[PDB]
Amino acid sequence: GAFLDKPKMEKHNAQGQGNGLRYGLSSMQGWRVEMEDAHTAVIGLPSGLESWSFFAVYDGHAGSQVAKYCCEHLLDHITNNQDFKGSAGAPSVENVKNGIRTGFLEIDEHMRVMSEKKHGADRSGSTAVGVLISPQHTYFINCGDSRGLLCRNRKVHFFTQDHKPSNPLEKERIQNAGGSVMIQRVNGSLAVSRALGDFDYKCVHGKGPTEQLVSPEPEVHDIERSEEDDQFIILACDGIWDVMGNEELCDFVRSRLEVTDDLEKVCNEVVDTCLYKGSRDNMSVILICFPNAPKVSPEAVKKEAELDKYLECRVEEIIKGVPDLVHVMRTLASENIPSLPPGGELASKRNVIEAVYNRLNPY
């Protein structure tokens, strides 16, 4: 159980475009000794689902094996089961909703036999959150305390409910399986009540797969798509949500979008803003934009240039002693500066403040 001396801030990104979608993503190790986050991003799906897309963030615990496996294989376990292909024509809401349940339980069990057969030593587990997007529906999927949300019409239209042990239904299940919730943890150890893997928590004799201490059962929500009102979707692991709320991040992402159409950069900003707000976990963000996502605005760009220039002068004028960056940040915060990005605050502006500090105090 360890942190690094200094955070690994190297971004891993991806992007793509298709089916009237644009997407960006950013993943960062941060203060943690390991990177155990994984993700999927694919526009255009096999077997006659060309117009479908799928995205997901996977937050691994006690190693990355479960996450990494899910990130390569969860999609086919979901679409290649009889429940997903039940009816004859294109799959229905129930086909999709059940297909995901079956796909989740079947990959979990599949990993359990692989781990048994090969004598595997890892005792890892993983959250999953994502959307499966059809020409007319966004199907949110959640299993764990990773979280996604839909921004529609400038507002938080929907978000996923984190599976926490102390949530009433999860508490009920955990107790009926002969465990308890201590403070916020399953038997005082595990911070999530749902996850793939974690097989040591799925050994309760004579209880179903979905009635163990930790369930792999997903929660699925069908939201009907809205060409006119749908703006963007954020998926991210708990490393983000720990330090930003739904509305905030939603307002922040908007404010960034009005400045770039570069989505990897928007995801970098979210991730950095969070590290600077105190987050010490691995972080991974996916941003998927619909055609009526916020547009780059000339005025917004100008306002950011003006703010940036202002922040640069404030840094120099403060330097006059020679205070360190931590102290300059302190002074700047005490100045109560207007027009900082919404949700992001001073933290979302540290990269500008620090490059300036470095220009003026390089040694």
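Residues carry their position along the shown sequence, with the first being 1. Heads up, when I say rigid core I mean the largest set of C-alphas that superpose within 1.5 Å between the two forms.
Enquirer: Which stretch is less alike in 6 other deposited structures of this protein, 81-89 or 210-218, counting RMS CA distance after the rigid core is superposed?
Expert: So, of the two stretches, the farther one in 6 other deposited structures of this protein is 81-89.
Enquirer: Just how many deposited residues go unmodelled from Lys295 to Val296: none, 1 to 3, 4 to 9, or 10 or more?
Expert: Unresolved stretch here: none.
Enquirer: Can you tell me which stretch has the higher mean Cα B-factor, 199-207 or 131-139?
Expert: Comparing averages over the C-alpha atoms only gives 199-207.
Enquirer: Take the C-alpha B-factors listed in the entry for 302-310 and for 327-335, compute each mean, and give the stretch with the larger one.
Expert: Higher of the two, by average CA B-factor, is 327-335.
Enquirer: By the entry's C-alpha temperature factors, tell me which of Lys97, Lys265, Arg256, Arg154 sits highest.
Expert: Comparing C-alpha B-factors across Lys97, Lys265, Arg256, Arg154, the top value belongs to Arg154.
Enquirer: Tell me, please, which of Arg194, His77, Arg280, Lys117 has the highest C-alpha B factor according to the deposited entry?
Expert: That would be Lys117, according to the entry.
Enquirer: Looking at the entry's B-factor column for C-alpha atoms only, identify whether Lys320 ranks in the lowest, middle or highest third of its chain.
Expert: It belongs to the highest third of the chain when residues are ordered by C-alpha B-factor.
Enquirer: Which third, lowest, middle or highest, does the C-alpha temperature factor of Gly89 belong to within its own chain?
Expert: For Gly89, the deposited C-alpha B-factor lands in the highest third.
Enquirer: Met9: which third of its chain by C-alpha temperature factor?
Expert: For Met9, whose C-alpha B-factor we compare with every modelled residue in the chain, the answer is the highest third.
Enquirer: Grab the CA temperature factor for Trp52 from the record and place it in the lowest, middle or highest third of its chain.
Expert: Answer is highest: the recorded C-alpha B-factor places it there.
Enquirer: Split the chain's modelled residues into thirds by Cα B-factor; is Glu172 in the lowest, middle or highest one?
Expert: According to the entry, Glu172 has a C-alpha B-factor in the chain's highest third.
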